[PDB]
Structures are given as C-alpha cells and as structure tokens.
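The data below hold one chain only, encoded as structure tokens and taken in the form deposited in one PDB entry.
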C-alpha cells in the first residue's frame, strides 16, 4: 500500500554477492590508494618530471579514497539494501551526488594533464625543461580540483529529498532523487558524459598514442633509464585510460537509460533489470577506484605485452615464420596493430607470406580487421597481387564487398593494378561488378583508366552476365 511502488525487488543473493564485491573493492582500494598517498607524500625526487608525475598520481589516489571512504558505504546502505527511506537528509543527498560528480571530473582532468606532461617530456624535452616547474604543476592541480567542484554544482540543484509515498506524507516514502524535469536532468547527465568521459578520454588516448609512436621513432633513430621510465609511464597511462572507459561506460549508459526511456516502456521487468544493472555499473565504478595502484605494479608486465605485440608485427612483415609461431604460443596479441592500423595479418597479406597468413588465421586473427582508412587484409592482397592469400582469406570468411572511406572495394583494386587472375576469383565469390566509389568509378572504369584492356573485357563480360539474369 503506502510505499509498495518504491520497493526494488532484487533477490537476497544479489545483495550479499554485491556486498562482498563492494567490501573487497573497499579494502583493496583503500590499502592500494592509502599506501600510494602515504609514500608519494614522504617522497622527494631530484628530477622535476618525477615530482610532477607523483603530484598527479597523488590527486588520482585522493579522488579514489573520497569515493571508497564516503560514497561506497552510503551507496551500500541506501541504494543496495534499504531503498527507502533515505537516512542522510537533504544536505547528505546533495553532498553524496556532488562528491561523486566532482571526483569523475578530477580523475578525467588529472589523466588528461598527465598525458600532456608525458607528451611534452617525449616530444618537446628542451622546452619542457624550462616551461615546466613543480610549484606551477601544484597550482594547476588546485585549479583542476576547483574546476571539478564548479562542474559538479548542477548536482546541488538537480538532486534532493522528495516524499514519493502515495499522498507524500508517509516518512517511509522519503527518497534522495532528481527534483528537476527530465529535460533539465538530460542536460546535466549529458554534460557529465561529454566532459568527464568522452571528451577527456578521447584527448588522453590521442596524446598517449602519439607519445608512444614518437618515443619508438626517437629511440629507433639518449638516456636508457629515461626511455625505460617514459615507456612504462605511456603504457601504464594507456591501461588507466582503457580501465576508465570500460568501468564507466555501463554507468553512463544506465544514467542515459534513466532520462531517455519513456514511462510506457518502464515495465516492472525493465524496472527490475535497471536495479540489477545499477549493482553491476556501481561495482565497476569502485573497480575504477581500486585498480590504478594495481596497474602501477604491472608496469613491467605491460612493457612485456607491448614488446611481444611489436615483435609479432616485425615477425609477420619481415617473413620470420618460426618467430610468429613462438610469439603466438607465448600469448602475443594476434589482433595488435601499428601506427597505420595494420594488424600482423595486414602486414602478412601485404608482403606475401602465405604461411604466416595461415598460421595467424589458425590462432584466431580478425580476418576483417580495418586500418584507419578501412582497408581489410583482402584490400591489401588484391592491391599487391597475391592470388593464394585472396583464396585463403576468402575461405576464412573475408568480406568480398568491404569498402574503405572512399568506397573502394577489393574488385576496384584488383582491376586498377592489372591483376586479371584476382578479378576472376573476386567475381566468383560475389563481388558487385558495378560497385561505385565516392566519385562513381566502377572496377570496369578503373580497368580502362590504367590501360588494362584485357581486364576491362572480363569485367564487361561480368557486367553483361548480370544483364542476362532478368
């Protein structure tokens, strides 16, 4: 009767399991981040960059402890176990949601700032020696925390206490909930998804990628100890960014679900699903708070994974059949990619190396992997002129009508570069004889363009063959 509607109906097993995960993440997170904060505080580094990096890691540790010590216990009591009434008053309702929002901005901005300091260390060392200072980095970290508090102000006005009992008078129906319309709530949830998640993680990913490549080039073409440390920092920060994106995506999907699904679609089934989804997505938020100190400890492991992946790329290109076998057996990432977006399979198909292609596919290589322009291994094989690789690829389930950013299909590339044999085999496997690129060019048009009169003929024949169908 009085507060029946506010009942959540998650089974007791769920609550106990989630409580176990929450308490496990509480101790792992508090010990990990506590030890980090303590150590870094008592630490004095000769090298400016080491000091500056540690200031950022100290910020990340502080934000994590605030969520684990203050947010987690409140969440466990009032959102996992006792859904109504809210125990902690109006200020507690606003303070809880303010703290959580502000901590996401602080984490995101600390990660982006870290990725900028590393980028400059690697790509502008001489300017970085002068333009950077310990005391200026401290001032900037203060500005980050103030900016994070300012961006979280909307939660003070969007969240509050409401009595959702039948007639709004029963004390059991007193809940911490949004106190603004859906239109207003949509705006604030989108602000957080963009400015704490999508935008900052996209910028940290770009800076981290460019820094990693530039380090490889500046090494390939110095201080051994600096390169070793920078390579660890880049790879740790990459694991931090990936960990952040995986852990926060469900949370942002859940909040968008809350404002985008219409009343009519809110069945009890969907209501029931939501409160289970809440358990999973809030668990992953506490994983986010606990994982960074563990990632710092796996720095040498991350360098090894990276060394293996990069060795498989050279093995697959250079034509070292044996090297590829060994590296795969170890556990080297078969679907790793270089600066262009080429996987080992891309590099194998490009250079010939029928064997290495067969070995890679067998281990479970993505046959339809796209480089940054949308070229599949089948594109590369058609372009260079290797029939056996095309047959092997098609066999393993390669898309015959896969198109790049310009709308170039494999049949376009076979016809353009005078590969009659390949034109034949692609047609046989269901290649559209009149596929057009952005500019209306068919395989036939490209055959004639490059004075390939024999291949224009077979394509004419392929075209008239379609016409007889009707």
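Numbering follows the first chain given and starts at 1.
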### Message
When the other structures of this protein are compared, and only where the residues around it are present, is residue 43 absent from a third or more of them?
### Response
yes
### Query
When the other entries of this protein are compared, is residue 165 unmodelled in at least a third of them?
yes
### Query
According to the entry, are there none, 1 to 3, 4 to 9, or 10 or more residues of the deposited sequence without coordinates between residue 135 and residue 136?
none
#### Entry: 377-385 versus 136-144 - greater average Cα B-factor per the deposited record
377-385
### Summary
Stretch with higher mean Cα temperature factor, 265-273 vs 68-76, is 265-273
### Task
Going by the CA temperature factor in the entry, name the top one among 433, 406, 62, 41.
433
### Query
Checking the entry, which one of 46, 57, 422, 27 has the top C-alpha B factor?
422
### Query
Which third, lowest, middle or highest, does the CA B-factor of residue 199 fall in along this chain?
lowest
## Note on the structure
Of the three thirds of Cα B-factor ranks in this chain, residue 301 occupies the middle
### Query
Which third of the chain holds residue 279 when residues are ordered by C-alpha B factor: lowest, middle or highest?
middle
### Query
Is the Cα B-factor recorded for residue 53 in the lowest, middle or highest third of its chain?
lowest
### Query
Once the chain's modelled residues are ordered by C-alpha B factor and cut into thirds, is residue 214 in the lowest, middle or highest one?
middle
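Beyond what is shown, the protein has a form deposited in another entry; the following relates to that form.
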### Message
Comparing the chain between this form and the one not shown, one rigid part rotates relative to the other; which of 420, 297, 438, 131 lies at the hinge?
### Response
297
### Task
Over in the other structure, so in that other deposited form, do residue 202 and residue 403 pull closer or drift farther apart at the C-alpha level? The difference is 3 angstroms or more.
farther
### Task
Kindly indicate if, in that other deposited form, the C-alpha atoms of residue 206 and residue 309 are closer or farther apart than in the structure shown, bearing in mind the change is 3 Å or more.
farther
